[PDB]
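Numbers and lists here come from the model and the stated rules, or from a named source; none is laboratory data. Please note: Cβ atoms are built from the backbone with ideal geometry, for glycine as well, and neighbour counts cover all protein chains shown.
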Amino acid sequence: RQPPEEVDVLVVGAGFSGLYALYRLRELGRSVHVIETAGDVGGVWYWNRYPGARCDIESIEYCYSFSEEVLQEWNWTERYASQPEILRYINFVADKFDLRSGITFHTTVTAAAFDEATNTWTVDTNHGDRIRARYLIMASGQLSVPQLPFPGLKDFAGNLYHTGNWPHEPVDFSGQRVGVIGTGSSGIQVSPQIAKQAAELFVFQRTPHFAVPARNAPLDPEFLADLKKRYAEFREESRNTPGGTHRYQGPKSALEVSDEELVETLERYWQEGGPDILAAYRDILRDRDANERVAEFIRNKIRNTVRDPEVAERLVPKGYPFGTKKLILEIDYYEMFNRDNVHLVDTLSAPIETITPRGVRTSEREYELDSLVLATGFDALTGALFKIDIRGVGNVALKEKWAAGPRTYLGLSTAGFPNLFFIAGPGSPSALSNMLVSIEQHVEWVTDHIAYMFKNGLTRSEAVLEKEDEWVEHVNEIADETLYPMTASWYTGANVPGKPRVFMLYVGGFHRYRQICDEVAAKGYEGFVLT
Ligand SMILES: Cc1cc2nc3c(=O)[nH]c(=O)nc-3n(C[C@H](O)[C@H](O)[C@H](O)COP(=O)(O)OP(=O)(O)OC[C@H]3O[C@@H](n4cnc5c(N)ncnc54)[C@H](O)[C@@H]3O)c2cc1C
Ligand SMILES: NC(=O)c1ccc[n+]([C@@H]2O[C@H](COP(=O)([O-])OP(=O)(O)OC[C@H]3O[C@@H](n4cnc5c(N)ncnc54)[C@H](OP(=O)(O)O)[C@@H]3O)[C@@H](O)[C@H]2O)c1
């Protein structure tokens, strides 16, 4: 295509966030355009084409709600949508609303500066494009910059993959000795798929993550047709929860119940499948003794599923509270370790020294491999922004304002960078809820804000320093009543060497955050200085 020279709003990213922003700003009567590195729309579901890639929120929850047409027409097929289906869904939405005409593909934003003279952003690309825009909306994702973990890497003679940059043609592992590094949810999803083709699968686990069974199933078309009659009502229920989904909020303490009640209640969640067990009790994420009561139950289920108790014990998560890393939904992951051709390489015990040209050496031995898959995650939440040279007032780099951790007012803007907005990022609920609920709310609040600026004749919107300071403090304070900050997770930035350890997300629940945001808007955007 080709980016316009001037535009009311420039949006970066064509995944869920950017698509909705483009749609809604058009509907608001604004000129808007999108720059996207990828060859086409989808964002994470464009990039994460590893086999077994699948959402952990139910298909009926994980979808747009802005368009009645879309809710009535689209049919989901399974409890949880695999990546191809979600990508087909996003394509369907792009077509329906003709979004591709406002998007330049194959183009990476590399810099952006705020010009105080004009109250506009100047944005440059890796193609030479230079765009002038009143407002800049960063919809560049939360888990969109692959993290490659390092000594022997470029030496590897075989094929090298990262799950977050998977080839667009399916990949044949038939006959191969294959290694996976990462047992986060990417590796836990990709591994049983690989184990079916490979002669030998080596799973390189470091800290074992908690996974519970997904128990995927066909989605009954009769249930779907029924749900469609009440869909807006149903999504509205989802928006009035902490997590953006129909999870039941267990009112009891995990400490108050008897042993027999605990086992029974949790057994029920384990048979049902899904992530809801995370809210079986109100204090699982607040109190270390409540947490441990749940964690031990799960731990015993793991020892149950694997026949060799030596391998079994190696898969049991230790050292950190259940649910403080992302909780993972597994499909046949544990059962896979009972196969003859799958070997758990415990690297807490025998750390990876180096990659060789033949494979991977740990302290203990060398494993030869034809293919190596990195399921090693992402430079989360800040990674995409930090890959861009972004400059605010007095030429402050964002990289510098945020060097000790991200600093925002509501997660939506940062002081000294006016007219710039982050969609579903640090300082807001983000990945702690159903992201379609997080993303829709932010797109609507930001684009309402833009509309309100234009109608009132204003051209400059900035967060007030002391409000940002109060916001950061409040985020840290509420985070500090949970067990989240106790643990090294991507939420904490802890998977990136050198990255400052700070819990980056709002933990007070989607619903409360949204109230705070509405109260702000209704007061003429309190905490913002508009001129
Ligand atoms: C594999 C995977 C599975 C997921 N499963 C769940 C799920 O179970 N539940 C859920 O709630 N969330 C899920 N997510 C989280 C996911 O981030 C959100 O649900 C949502 O897809 C993100 O939407 P987005 O548009 O904000 O970001 P993205 O989908 O990441 O889109 C951002 C786009 O911007 C592009 N971009 C970045 N920087 C630049 C730049 N410099 N110039 C041009 N383009 C740029 C990126 O290439 C990307 O295409 C999962 C994430 C991953 C990685
Ligand atoms: N179905 C889904 O919902 C789904 C699927 C995929 C992704 N996601 C989203 O994206 C996030 C990322 O998931 P992910 O699995 O890609 O990444 P991750 O959760 O960031 O897991 C990275 C994995 O790689 C390991 N690792 C990283 N660096 C390493 C190193 N230098 N040496 C050895 N091991 C290393 C980590 O070990 P340690 O744990 O010990 O650090 C962990 O096993 C998820 O938590 C979730 O938010 C969701």
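All but one of (1) more than 16 Å from ligand 2 (Cβ to nearest atom); (2) of a type in the set (A, V, I, L, M); (3) assigned to a helix (DSSP H, G or I) hold for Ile284; state the number of the condition that does not hold. Every listed condition holds for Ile284 apart from (3). For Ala431, the conditions (1) more than 24 Å from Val502 (Cα to Cα); (2) within 16 Å of ligand 1 (Cβ to nearest atom); (3) of a type in the set (A, V, I, L, M, F, W, C) are fulfilled apart from (1).
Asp98 meets all of the listed conditions (1) out of contact with any helix residue (DSSP H, G or I) (no Cβ under 8 Å at 6 or more places or on another chain); (2) surrounded by 20 or more Cβ atoms within 10 Å (Cβ to Cβ); (3) more than 26 Å from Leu432 (Cβ to Cβ) but one, namely (2).
Please specify each residue of the range 438-471 satisfying the condition of being part of a helix (DSSP H, G or I), in contact with a strand residue (DSSP E or B) (Cβ under 8 Å, 6 or more places away or on another chain) and of a type in the set (A, V, I, L, M, F, W, C). Of everything in the range 438-471, those that are part of a helix (DSSP H, G or I), in contact with a strand residue (DSSP E or B) (Cβ under 8 Å, 6 or more places away or on another chain) and of a type in the set (A, V, I, L, M, F, W, C) turn out to be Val446, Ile450, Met453, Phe454, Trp471. Residues in the range 361-387 that are hydroxyl-bearing (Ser, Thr, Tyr) and assigned to a loop (DSSP other than H, G, I, E, B): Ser363, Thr376, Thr382.
Just one of the listed residues (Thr241, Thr183, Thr207, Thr265) is away from ligand 1 (no atom under 16 Å from the Cβ), within 30 Å of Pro429 (Cα to Cα) and within 22 Å of the chain's Cα centre (by Cα), namely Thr207. Among the residues examined, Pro242 qualifies as outside the structural domain of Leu143 (by CATH), surrounded by fewer than 23 Cβ atoms within 10 Å (Cβ to Cβ) and not in a helix (DSSP H, G or I). State yes or no: is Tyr506 hydroxyl-bearing (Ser, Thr, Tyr), assigned to a helix (DSSP H, G or I) and surrounded by 19 or more Cβ atoms within 10 Å (Cβ to Cβ)? For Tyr506, the condition - hydroxyl-bearing (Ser, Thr, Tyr), assigned to a helix (DSSP H, G or I) and surrounded by 19 or more Cβ atoms within 10 Å (Cβ to Cβ) - is not met. Quick one: in the range 440-453, of everything that is of a type in the set (A, V, I, L, M) and under 15 Å from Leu410 (Cβ atoms), which residue is farthest from ligand 1 (Cβ to nearest atom)? It comes out as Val446.
Only residues that are within 16 Å of ligand 2 (Cβ to nearest atom), part of a loop (DSSP other than H, G, I, E, B) and surrounded by fewer than 23 Cβ atoms within 10 Å (Cβ to Cβ) were counted in the range 188-213, giving 4. Which one is farthest from ligand 1 (Cβ to nearest atom), of the residues in the range 373-386 that are out of contact with any strand residue (DSSP E or B) (no Cβ under 8 Å at 6 or more places or on another chain) and over 10 Å from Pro146 (Cβ atoms)? Per the criteria, the residue is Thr382.
Summed over the range 508-525, the residues that are closer than 16 Å to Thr447 by Cα and of a type outside the set (D, E, K, R) give a count of 6.
Looking only at the range 123-170, residues that are more than 16 Å from ligand 2 (Cβ to nearest atom) and either polar (S, T, N, Q) or in contact with a helix residue (DSSP H, G or I) (Cβ under 7 Å, 6 or more places away or on another chain) (or both) come to 7 in all. The criterion of at least 2 residues that are within 10 Å of ligand 1 (Cβ to nearest atom), within 24 Å of the chain's Cα centre (by Cα) and over 30 Å from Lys399 (Cβ atoms) is met, among helices (runs of 4 or more DSSP H) falling completely within the range 1-118, by 83-97. If you go through the range 419-433 and pick out every residue that is out of contact with any helix residue (DSSP H, G or I) (no Cβ under 7 Å at 6 or more places or on another chain) and either among the β-branched types (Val, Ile, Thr) or on the phi < 0 side of the Ramachandran plot (or both), you end up with 6. Scanning for something within 16 Å of ligand 2 (Cβ to nearest atom), assigned by CATH to the domain that holds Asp518 and of a type outside the set (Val, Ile, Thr), does the range 365-374 turn up at least one residue? Checked against the condition, which is being within 16 Å of ligand 2 (Cβ to nearest atom), assigned by CATH to the domain that holds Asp518 and of a type outside the set (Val, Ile, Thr), the range 365-374 yields no hits at all.
Of the residues making up the range 346-358, one or more are in contact with a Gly (Cβ under 6 Å, 6 or more places away or on another chain), more than 30 Å from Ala81 (Cβ to Cβ) and within 15 Å of ligand 2 (Cβ to nearest atom).
Remark: pairs (first residue in the range 49-60, hydroxyl-bearing (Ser, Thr, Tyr); second residue part of a loop (DSSP other than H, G, I, E, B) and more than 9 Å from ligand 1 (Cβ to nearest atom); Cβ separation under 6 Å; 6+ apart in sequence or on different chains) = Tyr50/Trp166; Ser59/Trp76; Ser59/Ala81.
In the range 124-142 there is no residue matching the filter, namely being β-branched (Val, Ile, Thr) and under 23 Å from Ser489 (Cβ atoms).
Looking only at residues of the range 302-360 that are closer than 30 Å to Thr482 by Cβ and in a strand (DSSP E or B), we find that the one that is farthest from ligand 1 (Cβ to nearest atom) is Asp346.
Note on the range 171-187: among residues that are out of contact with any helix residue (DSSP H, G or I) (no Cβ under 9 Å at 6 or more places or on another chain) and within 16 Å of ligand 2 (Cβ to nearest atom), the one that is farthest from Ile328 (Cα to Cα) is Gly179.
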